[PDB]
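Quick notes on the structure that follows.
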Amino acid sequence: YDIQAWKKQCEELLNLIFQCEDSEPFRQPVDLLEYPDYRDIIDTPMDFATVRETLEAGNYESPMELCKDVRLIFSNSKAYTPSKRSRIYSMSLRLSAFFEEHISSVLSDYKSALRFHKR
Ligand SMILES: CS(=O)(=O)NCCc1ccc(F)cc1
């Protein structure tokens, strides 16, 4: 029932994501010099360095907010892809599965801790 435990759990999951080769296209903001269809199709860019810096700045109140930003990395990749078979999009699907598999307990524990706090 530790209401704060999610933050270090998210830091460690981000470390695992950065070690994963599938995170390479998503570690830093998309290069607008390399990708021109970018801001015309993506309204809210997101990447893992931005997520890590928001977390480290104390600018996430809950792991749900972090999850929303990580899910935006994946939905931006899906919206920008010219094909479901593209390399970057295929990497995003595997990385998303890995992320969802690991964030599930973080979210469950935090929501349970908050329910206990408010009992
Ligand atoms: C940091 S980068 O060197 O510009 N690589 C970005 C690859 C990418 C391009 C479009 C997307 F929707 C998602 C990822």
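Following the order of the structure tokens, chains are lettered A, B, ..., residues in each are numbered from 1, and ligands are numbered from 1.
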- Could you pull out all residues of chain A with a DSSP call of helix (DSSP H, G or I) and give them as a ChimeraX atom specification? /A:6-19,21-26,38-41,48-56,63-80,87-118
- Query: How would you write, as an MDAnalysis selection string, the set of residues no farther than 10 Å from ligand 1 when counting only C-alpha atoms and all ligand atoms?
  - Reply: chainID A and resid 23:39 41:42 45:47 73:82 87:89 91:92
- Contacts of residue 51 of chain A at 8 Å or less, counting only C-alpha atoms, minus same-chain residues fewer than 6 places along, as a PyMOL selection string? chain A and resi 66+69-70
What would the file look like if the residues just selected were written as a PDB file, in the first residue's frame with N, CA and C atoms?
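To be explicit, this is the file written out as result.pdb:
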```pdb
ATOM      1  N   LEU A  66       1.912   8.813 -16.596  1.00  0.00           N
ATOM      2  CA  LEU A  66       3.087   8.306 -17.335  1.00  0.00           C
ATOM      3  C   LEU A  66       2.628   7.339 -18.429  1.00  0.00           C
ATOM      4  N   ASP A  69       1.304   9.024 -21.519  1.00  0.00           N
ATOM      5  CA  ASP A  69       2.367   9.529 -22.404  1.00  0.00           C
ATOM      6  C   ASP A  69       3.078   8.393 -23.143  1.00  0.00           C
ATOM      7  N   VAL A  70       3.348   7.247 -22.480  1.00  0.00           N
ATOM      8  CA  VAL A  70       4.018   6.150 -23.184  1.00  0.00           C
ATOM      9  C   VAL A  70       3.099   5.628 -24.291  1.00  0.00           C
TER      10      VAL A  70
END
```
- Task: Write out as a PyMOL selection string the residues lying within 6 Å of segment 99-115 of chain A, counting only C-alpha atoms and excluding same-chain residues fewer than 2 positions away.
- Result: chain A and resi 1-3+6+96-97+117-118
- Task: Find the distance between atom CA of residue 19 of chain A and atom CA of residue 54 of chain A and write it in Å to one decimal.
- Result: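 Taking atom CA of residue 19 of chain A as the start and atom CA of residue 54 of chain A as the end point, the length is 19.3 Å.
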